[PDB]
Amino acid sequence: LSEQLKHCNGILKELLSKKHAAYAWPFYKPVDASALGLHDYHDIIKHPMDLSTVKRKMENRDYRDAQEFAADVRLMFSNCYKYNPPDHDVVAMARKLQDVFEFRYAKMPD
């Protein structure tokens, strides 16, 4: 990985770390719409994304730059904000994990 992609991988490891598990866990794996009874999920969310998918893409050297990695992380949060009512606990959790992401992503090495 390039320097910027190592910074992205560091962020990814932090997002998956025990430090943030209390609010990161809804984003660890793909939303299982059928299991959760969310039968409209895939009609509203056209491009599902989660941290396990981001990790697989990083491991596969799919991301060619930091911007591509950040786009998937933000897509994951955006899906949450689109589907979920703003007062659901999952939205509060998304906001908290996005704050961790955005503040560390901003410290990207030049």
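Start at 1 and count along the sequence shown; that's the residue number. In this text, rigid core is short for the largest set of C-alphas that superpose within 1.5 Å between two forms.
Between 77 to 85 and 32 to 40, the one whose CA atoms sit farther away in 7 other deposited structures of this protein (rigid core aligned): Most displaced of the pair in 7 other deposited structures of this protein: 32 to 40.
13 to 21 versus 97 to 105 - greater average Cα B-factor per the deposited record: On average, C-alpha B-factors are higher across 13 to 21.
Which of 80 to 88 and 49 to 57 has higher mean CA B factor, as the PDB entry lists it: Comparing 49 to 57 with 80 to 88, the higher mean C-alpha B-factor belongs to 80 to 88.
Deposited CA B-factor, highest of 74, 29, 42, 64: When the deposited C-alpha B-factors of 74, 29, 42, 64 are compared, 64 is largest.
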